[PDB]
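In what follows, a single structure is set out as structure tokens and then discussed.
A, B, ... follow the sequence lines: proteins, then strands. Residue 1 opens every chain. All heavy atoms count here, side chains included; hydrogens, waters and symmetry mates do not.
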Amino acid sequence: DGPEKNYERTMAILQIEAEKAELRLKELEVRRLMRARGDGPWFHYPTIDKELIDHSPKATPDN
Amino acid sequence: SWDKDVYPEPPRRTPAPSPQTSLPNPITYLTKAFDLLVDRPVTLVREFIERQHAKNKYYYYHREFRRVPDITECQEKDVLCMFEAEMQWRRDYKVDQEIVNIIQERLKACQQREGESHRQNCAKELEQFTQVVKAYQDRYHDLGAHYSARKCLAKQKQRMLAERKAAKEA
């Protein structure tokens, strides 16, 4: 292979590995904030579904 | 065959023969024997070979490298620029090594050429060797096996700071 092909092939390799590296660090930071604050799709632990509540008038009036 | 400016050579001053003896000089006769027996047949063979080379003539070239931004212009962790700057620094590092080799070859040729007078007649060769080696030492010494343009730059900045302070002592 010529030096240019190897040279520019290396730039292509470096670009991909640097884009993967930046995303790996961002993912760790995003996971740090999602887990600590609970305001994202991840670490979304379930709470009771309010569709289970019955709102029909009850036998007594205070409820 | 080579550049006479890169590898300078003082003019050759040879005495003329001035014999003071009746006896024949063997070197004179042996020189003629060598020229007849060795030089001429060796010269005929080379002339034949060069004739073949004048029929198949083709060329090769010295690769020319465009200059690219140095490591000083690269943003931290910007590999794409760091890569091209780093490769350039490595190329110049290897060229600087051979420059020091050239200067060392000049010094060693002078020492042989001047003989017993070499201490006085090789001063300009010795001074230039000192200057280039000093420059080479400043650029590249103590970088370690894992050298790089980044490490080379850090070494310079440390020297530029030390020189700046010593200047500020005035």
Side-chain angles (χ1 to χ4, degrees), chain A residues 2-4, chain B residues 1-68 70 87-145 147 149 151-152 155-156 159 163 166:
Chain A
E4 305 96 329
Chain B
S1 305
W2 67 84
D3 210 305
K4 290 295 183 163
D5 301 292
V6 183
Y7 307 94
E9 192 165 14
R12 155 58 55 84
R13 314 212 301 148
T14 187
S18 64
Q20 294 294 321
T21 186
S22 59
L23 297 172
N25 194 294
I27 307 308
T28 300
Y29 285 9
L30 275 160
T31 303
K32 286 156 175 166
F34 180 84
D35 298 328
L36 177 59
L37 277 181
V38 176
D39 210 338
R40 294 179 67 188
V42 161
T43 304
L44 298 191
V45 163
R46 180 54 159 178
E47 287 164 359
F48 171 95
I49 292 160
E50 301 253 26
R51 280 199 293 276
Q52 311 325 313
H53 297 175
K55 297 189 282 191
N56 184 356
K57 185 60 64 175
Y58 66 107
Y59 305 98
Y60 80 105
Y61 310 103
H62 180 70
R63 199 176 263 282
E64 297 156 14
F65 284 110
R66 190 179 302 149
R67 305 299 294 165
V68 299
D70 277 15
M87 293 298 110
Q88 180 183 251
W89 181 88
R90 278 173 143 70
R91 280 192 301 271
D92 301 345
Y93 188 10
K94 189 180 287 291
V95 173
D96 276 352
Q97 283 162 359
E98 296 296 338
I99 287 166
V100 171
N101 286 334
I102 287 164
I103 301 311
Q104 278 181 131
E105 304 199 32
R106 293 171 161 189
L107 183 73
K108 289 183 293 211
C110 187
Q111 197 274 353
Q112 169 67 11
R113 175 186 304 108
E114 305 297 317
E116 301 297 319
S117 304
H118 71 263
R119 202 159 293 178
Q120 179 191 352
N121 297 344
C122 291
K124 277 74 69 177
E125 282 83 26
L126 177 54
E127 182 65 26
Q128 184 168 44
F129 167 73
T130 318
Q131 286 179 349
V132 73
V133 160
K134 175 56 168 171
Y136 182 98
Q137 195 175 45
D138 289 309
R139 281 195 184 205
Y140 303 116
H141 206 45
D142 296 330
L143 289 192
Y147 51 66
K151 281 181 168 111
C152 177
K155 179 188 161 92
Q156 177 179 348
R159 162 165 45 78
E163 284 164 352

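Without hydrogens or angle criteria, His141(B) side chain to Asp138(B) main chain gives no donor-acceptor distance under 3.5 Å. The closest donor-acceptor contact from the side chain of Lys151(B) to the backbone of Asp142(B) lies at 3.5 Å or more, if one exists at all. The backbone N or O of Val68(B) sits less than 3.5 Å from a side-chain atom of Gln88(B), completing a donor-acceptor pair.
The aromatic rings of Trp89(B) and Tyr147(B) sit tilted, their planes meeting at an angle between 30° and 60°.
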Using the rule given for side-chain contact (heavy atoms from CB on, under 4.5 Å), can you reason through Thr43(B) versus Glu47(B), listing the C-alpha separation, both sets of side-chain angles and the distance that settles it, and then say yes or no? CA-CA 6 Å; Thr43(B) 304; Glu47(B) 287 164 359; 3.5 Å; yes
Could you walk me through whether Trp2(B) and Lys4(B) pass the side-chain contact (heavy atoms from CB on, under 4.5 Å) check? CA-CA 6 Å; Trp2(B) 67 84; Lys4(B) 290 295 183 163; 3.5 Å; yes
I would like to know whether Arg46(B) and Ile49(B) meet side-chain contact (heavy atoms from CB on, under 4.5 Å); could you show each step before the answer? CA-CA 5 Å; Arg46(B) 180 54 159 178; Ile49(B) 292 160; 3.9 Å; yes
Does the pair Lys55(B) and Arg51(B) meet the rule for a side-chain contact (heavy atoms from CB on, under 4.5 Å), with working shown? CA-CA 7 Å; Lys55(B) 297 189 282 191; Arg51(B) 280 199 293 276; 5.6 Å; no
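Using a 4.5 Å heavy-atom threshold, the side chains of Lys94(B) and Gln97(B) count as touching.
In plain terms, the two heavy atoms of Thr130(B) and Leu126(B) that are nearest each other are OG1-O, 2.7 Å. Minimum interatomic distance between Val133(B) and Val100(B) (heavy atoms only, all atoms of both residues): CG2-CG1, 4.4 Å. Nearest heavy-atom pair, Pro24(B) versus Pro26(B), reported as atom, atom and distance to 0.1 Å: O-CD, 3.3 Å. In this structure, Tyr58(B) and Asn56(B) approach most closely via the heavy-atom pair CD2-OD1, 3.6 Å.
Taking CG of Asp92(B) as the start and OH of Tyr140(B) as the end, the distance is 6.0 Å to the nearest 0.5 Å. Distance check: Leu44(B) CG to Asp39(B) CG gives 10.0 Å after rounding to the nearest 0.5 Å. Annotation: the span from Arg40(B) atom CZ to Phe34(B) atom CZ amounts to 13.5 Å, rounded to 0.5 Å.
More than 12 heavy atoms of other residues, nucleotides or ligands sit less than 6.0 Å from atom CD of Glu163(B). Open room surrounds CZ on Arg139(B); 12 or fewer heavy atoms of other groups in view lie less than 6.0 Å from it. Counting heavy-atom neighbours within 6.0 Å of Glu50(B) CD, excluding the residue itself, gives a total above 12. Around atom CZ of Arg90(B), more than 12 heavy atoms belonging to other residues, nucleotides or ligands sit under 6.0 Å away.
Sorted by first and then second residue, the pairs that involve residues 98-114 of chain B and meet side-chain hydrogen bond (donor to acceptor under 3.5 Å, both in side chains), not counting sequence neighbours, are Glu98(B)-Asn101(B), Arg106(B)-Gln128(B), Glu114(B)-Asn121(B).
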